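Enquirer: Here you go, one structure.
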Amino acid sequence: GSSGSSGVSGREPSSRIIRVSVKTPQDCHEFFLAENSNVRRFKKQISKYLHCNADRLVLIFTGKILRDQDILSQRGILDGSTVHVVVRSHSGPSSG
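In terms of the authors' numbering, the sequence shown is residues 1 to 96.
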């Protein structure tokens with residue numbers, strides 16, 4: 001009928017971490033994650049802090065939306081880059 005899923009992504013800094021400036025609709029924050037971390041991973045990092053859902057998070061670097069199936073560097077996201085964060089919502093705050 002129903003299902004769940006738990007876990008904590010983050011064991012140790014293996015790949016070269018980079019400083020990605022996360023731009024939020026209010027303030028600005030800086031995140032440090034593996035530069036070779038698929039868009040997804042990077043998102044999760046946000047879902048961790050933002051405390052939102054990575055399923056509603058969207059990666060936007062330079063204005064162009066990326067795909068969880070896309071790496072940062074590969075995309076262009078380098079050290080000291082700015083990425084816009086989003087928290088899509090199509091339902092409401094309550095209920096869920």
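Every residue, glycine too, gets a C-beta built ideally from N, C-alpha and C.
With a threshold of 8 Å on Cβ separation, who are the neighbours of residue 118 within its own chain once the five nearest residues in sequence on each side are excluded?
Expert: Coverage of the chain is limited to positions 1 through 96, which leaves residue 118 absent and any answer about it impossible.
Enquirer: Who are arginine 67's beta bridge partners in DSSP?
Expert: Sequence index remark: in the sequence shown, residue 67 carries index 67 (1-based). In the DSSP output, where bridge partners are listed per residue, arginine 67 has none listed.
Enquirer: With distances taken from CA atoms, which of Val86, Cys52 and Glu35 is nearest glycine 96?
Expert: Taking the first residue of the sequence shown as position 1, residue 96 is located at position 96. For the residues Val86, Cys52 and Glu35, the minimum Cα distance to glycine 96 belongs to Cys52.
Enquirer: Whose CA, out of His29, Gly1 and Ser47, lies closest to the CA of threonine 82?
Expert: Working through the sequence shown from its first residue, we reach residue 82 at position 82. When only C-alpha atoms are compared, the closest one is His29.
Enquirer: Less than 8 Å separating the beta-carbons of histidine 84 and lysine 43?
Expert: Along the sequence shown, one-based indexing puts residue 84 at 84. Along the sequence shown, one-based indexing puts residue 43 at 43. Their beta carbons are not under 8 Å apart, which means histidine 84 does not touch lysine 43 by this criterion.
Enquirer: Does the beta-carbon of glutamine 45 have 16 or more other beta-carbons within 10 angstroms, so that it is buried, or is it exposed?
Expert: For this step, residue 45 is matched to residue 45 along the sequence shown. Per the 10 Å Cβ criterion, buried.
Enquirer: Which value, in whole angstroms, describes the spacing of the CA atoms of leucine 57 and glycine 1?
Expert: In the sequence shown, residue 57 corresponds to position 57, counting from 1. In the sequence shown, residue 1 corresponds to position 1, counting from 1. C-alpha separation (whole angstroms): 26 Å.
Enquirer: Can you give the Cα-Cα distance for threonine 62 and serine 21, rounded to whole angstroms?
Expert: Looking up residue 62 in the sequence shown gives position 62. Looking up residue 21 in the sequence shown gives position 21. The straight-line gap from Cα to Cα measures roughly 12 Å.
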